[PDB]
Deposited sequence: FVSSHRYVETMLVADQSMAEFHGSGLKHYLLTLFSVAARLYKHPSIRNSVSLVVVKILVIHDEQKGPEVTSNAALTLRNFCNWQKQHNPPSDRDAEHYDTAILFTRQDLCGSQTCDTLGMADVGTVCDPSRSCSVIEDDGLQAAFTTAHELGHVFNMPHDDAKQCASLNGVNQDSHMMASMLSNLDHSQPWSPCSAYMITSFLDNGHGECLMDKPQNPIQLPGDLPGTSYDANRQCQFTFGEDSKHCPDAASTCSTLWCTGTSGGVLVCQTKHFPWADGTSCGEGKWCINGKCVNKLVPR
């Protein structure tokens, strides 16, 4: 039995200004990647992330107050989105979850290293099914997937409860090398399973009506190395030096956040990046 996560994607003025006309494709590209992660067999469930609504905030007053404070930005957001949801799931534009993208550097109660935030186990509560995501380039697709984990009640993989069952998975509290063959830990698989078995995802049973089409291409087909560097380091950045770490310009100064090149990214004629390796596009 199939879960469809009817989603609204929302992007603030910083996003509108940075991305201009390409913003909606960018959001859908981010979400296509997350949607793929949620189809991986390791999650032990059938889960379909679909978009039913996008809102861009060209006008700051028509959005929530976005600030550097992650949990307030999230509280501002989760309240504001309520007004934008029809009350029956019968309405084609009714969403089970809302996600805010900002270029604003989000900060926790210690550092601004924070890349996103969500509340835990909220997926079918319209007043709390929310997450906020820092757009630091195409890595935001993983941030999205991670925060939607929490919304599905998965805790961090280093939490006491995950000891029996289990930093190489989606719900690692810090980024490391993701185990591309099994992105979801045994703890994540069990915790989302329990949540749904306990009947907490009843709003995820109904199919989307006229959902917004997700890009079927890999993200590096849309966005070359220079473009990815621009997403992370601003429009004046471009690619420096392959596939494992993207270095970007900033004398020749280059810099990195230690992220991989997006899957699909060209690394020479007839080759492109997959799981941080430059492989042939035609597979033998």
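Of the deposited sequence, positions 1-3, 170-173, 249-252, 262-265, 300 lack any modelled C-alpha atom.
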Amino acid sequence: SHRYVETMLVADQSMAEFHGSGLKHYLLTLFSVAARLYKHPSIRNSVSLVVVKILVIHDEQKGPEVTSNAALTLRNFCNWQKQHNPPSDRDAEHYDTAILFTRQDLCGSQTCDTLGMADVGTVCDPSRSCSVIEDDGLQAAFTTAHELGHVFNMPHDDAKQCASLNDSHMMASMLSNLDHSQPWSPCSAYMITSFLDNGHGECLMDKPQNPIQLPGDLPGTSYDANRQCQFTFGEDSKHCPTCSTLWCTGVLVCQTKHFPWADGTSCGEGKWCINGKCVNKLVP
From here on, numbers count along this sequence of modelled residues.
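Across the other PDB entries of this protein whose models span the neighbouring residues, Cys107 is modelled without exception, so it is unmodelled in far fewer than a third.
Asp167, present in the displayed chain, goes without coordinates in a third or more of the other PDB entries compared that cover both sides of it.
Note on 103-111 vs 195-203: mean CA B-factor is higher in 103-111.
For the two regions 61-69 and 222-230, the entry's Cα B-factors average higher over 61-69. Take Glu93, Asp136, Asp96, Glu147 and read off each C-alpha B-factor from the entry; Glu93 has the highest. Of the candidates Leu27, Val52, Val33, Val253, the one whose C-alpha carries the top B factor in the deposited record is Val253. Sort the modelled residues of the chain by CA B factor and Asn79 lands in the middle third. When the modelled residues of the chain are ordered by their C-alpha B factor, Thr249 lands in the lowest third.
Ranked against the other modelled residues of its chain, the C-alpha B-factor of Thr7 as given in the entry falls in the lowest third. Annotation for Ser188: CA B-factor lies in the middle third of the chain's modelled residues. In the deposited entry, the Cα temperature factor of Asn177 places it in the highest third of its chain's modelled residues.
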